[PDB]
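Novice: Take a look at the following structure, please.
Here Cβ is always computed from backbone atoms with ideal geometry, including for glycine, and neighbour counts include all displayed protein chains. Read-outs: derived from the displayed coordinates by stated rules, not from any lab.
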There are 10 protein chains.
Amino acid sequence: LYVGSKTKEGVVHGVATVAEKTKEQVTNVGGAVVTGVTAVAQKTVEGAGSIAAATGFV
Amino acid sequence: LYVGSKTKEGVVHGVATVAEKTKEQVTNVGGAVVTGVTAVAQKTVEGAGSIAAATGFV
Amino acid sequence: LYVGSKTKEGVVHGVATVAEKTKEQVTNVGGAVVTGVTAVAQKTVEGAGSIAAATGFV
Amino acid sequence: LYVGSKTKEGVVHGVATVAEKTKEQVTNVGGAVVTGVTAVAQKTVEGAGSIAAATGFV
Amino acid sequence: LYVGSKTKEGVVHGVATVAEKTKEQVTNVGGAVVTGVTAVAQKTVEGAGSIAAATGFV
Amino acid sequence: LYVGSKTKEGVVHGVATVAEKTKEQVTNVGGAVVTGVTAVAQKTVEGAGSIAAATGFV
Amino acid sequence: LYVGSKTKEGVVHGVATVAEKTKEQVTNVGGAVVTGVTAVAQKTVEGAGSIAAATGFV
Amino acid sequence: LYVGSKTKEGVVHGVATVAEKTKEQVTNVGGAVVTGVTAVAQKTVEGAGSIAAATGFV
Amino acid sequence: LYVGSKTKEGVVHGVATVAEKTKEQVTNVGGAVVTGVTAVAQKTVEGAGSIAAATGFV
Amino acid sequence: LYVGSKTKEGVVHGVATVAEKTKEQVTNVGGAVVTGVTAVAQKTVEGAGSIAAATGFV
């Protein structure tokens, strides 16, 4: 006898991550760089939910 | 006897990630670079839910 | 005796990812580059849900 | 005795990905480049759900 | 006899992370660099919930 | 200027495995049952290297 | 200028494993049952290197 | 200028394991049952290196 | 200028393990049951290196 | 200028373990049960190095 049961909104589970010998050089001038986005949820009832964004200027 | 049961909105599960010897050089001037987006959900009731976006200018 | 049961909206599950020795050089000037988009869901009730987008200018 | 049961809207499952020794050089000036789009679903009740888009200008 | 039960809004669980010998040089002048985003949720009832964002200027 | 270089003897690499909802009942009396053999190498300089073997009697 | 370089004897690497909702009943009387063999190497200079073996009797 | 370099004998690396809701009943009388063998190497210079073995009797 | 360098004998590294809601009933009478073998190496210069073995009798 | 350098014999490193809500009932009469073997190495210069073994009788 349920009403609104076992709900799941914006969920992540069961994540396993391994990284041995990654080399990662980066060089930038006046930009916007993004790496390394792992295992992120969110909720946004009124708004823009952005992840991994980059605008060199406005 | 359910009402709105076992719902799943915006979900990820059962993720396994391995990365041994990736080399990744990057060079940029006035741009917008994005890598490494792994295992991300979200919800957005009113708005633009963007992931991995890049605008050099506006 | 169900009402709206076992629903699944915007779902990903059962993902396995391996990457041994990928070399990836990138060079950019005033652009918008995107790689590495893995295992992402979302929901968007009112809005533009964009993934892996790139506009050099506006 | 079901009403709206075992529904699946915008789903992906059972994905396996391997990548050994891919070399990938990229060079760009004032463009919009996209690679690496893997295993992404979404829902969009009112809006344009775009994936892997690129507009050099507007 | 439930009313609004077992709800989960903006959740992450079951995360395991390993990193052996990653070298990561970074060089920047007047930009905005982001790496190392792991295992973060949030909720946002009225506002823009952004993660891993970078704007060289405004 | 190599002598015996980049050798690989008895190797496996780049394996990805997914298994969603497999049911597997087994019943046995005085036998020898084997399932679930995944991603195994070995070397054997002097001997019988057997994998997934079953002898009800001797 | 190498002598016996980059050798690899009995190796496994780059393994990713997912298992969601496997049911597995087993029943046995006087047998020998084996499941769940994942990601195992070995070396054996003098002997029988066996994996996943089952002999009801001898 | 190497002599016996970068050797690897009996190795495993880069393993990621996920298991959500596996049910596993087992029943046995006078047998030998084995499950759950994950990520094991070994070396054996003089002897029988066995893994996941089961002999109801001898 | 090496002599016997960077050797690795019987090694495991880069292991990540997740287990959410596994139910596991077991029942036995006069047997030998084994589960849960994770991330174990060994060396054995003179002898039988066995892992996950079960003999109901001898 | 090395002699027997960077050696590694019987090693484990980089282990991460999570376990949320595992139920595990066990019942036994005159047997030998083993679970929960995680992250164990050893060396054995003269002898049998056994892990996770079970003999109901001898």
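Novice: Please get the size of the charge dipole for chain B, origin at its Cα centre, with Cβ charges of +1 on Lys and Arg and -1 on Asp and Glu, quoted in debye to the nearest 20.
Specialist: Dipole size: approximately 160 debye.
Novice: Could you pull out the pairs from C:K43/I:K21; B:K6/G:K23; A:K23/I:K8; H:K8/J:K23; G:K23/I:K43 whose alpha carbons sit more than 30 Å apart here?
Specialist: Going by Cα-Cα distance, H:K8/J:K23; G:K23/I:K43 fall outside the 30 Å limit.
Novice: From the square roots a ≥ b ≥ c of the eigenvalues of the alpha-carbon gyration tensor of the protein assembly as shown, which class results: rounded (a/c under 1.5), prolate (a/b over b/c), or oblate?
Specialist: Oblate is the answer for the protein assembly as shown, as a/c is 1.5 or above yet b/c matches or exceeds a/b.
Novice: Please name which of F:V40, F:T7, F:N28 has its Cα lying farthest along the dipole of chain F towards the positive end, using unit charges on Cβ (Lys, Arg +1; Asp, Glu -1) and the Cα centre as origin.
Specialist: Sorting the options by dipole projection puts first F:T7.
Novice: Once every Cα of chain D carries one equal point scatterer and solvent is ignored, give the base-10 log of I(q)/I(0) from the Debye formula at q = 0.12, 0.13, 0.22, 0.27 Å⁻¹, two decimals.
Specialist: Computed log10 I(q)/I(0) values: -0.57, -0.64, -1.12, -1.22.
Novice: Sticking with this one: Using a 7 Å offset from the Cα along the Cα-to-Cβ direction at both E:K21 and D:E9, what is the distance between the two label points in nm, to one decimal?
Specialist: With each label point 7 Å from Cα toward Cβ, the separation is 5.1 nm.
Novice: Here's another thing I want to ask about it. Would you order I:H13, F:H13 from fewest to most other beta-carbon atoms within 10 Å of each residue's own beta-carbon?
Specialist: Placing the least packed residue first, the sequence is F:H13, I:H13.
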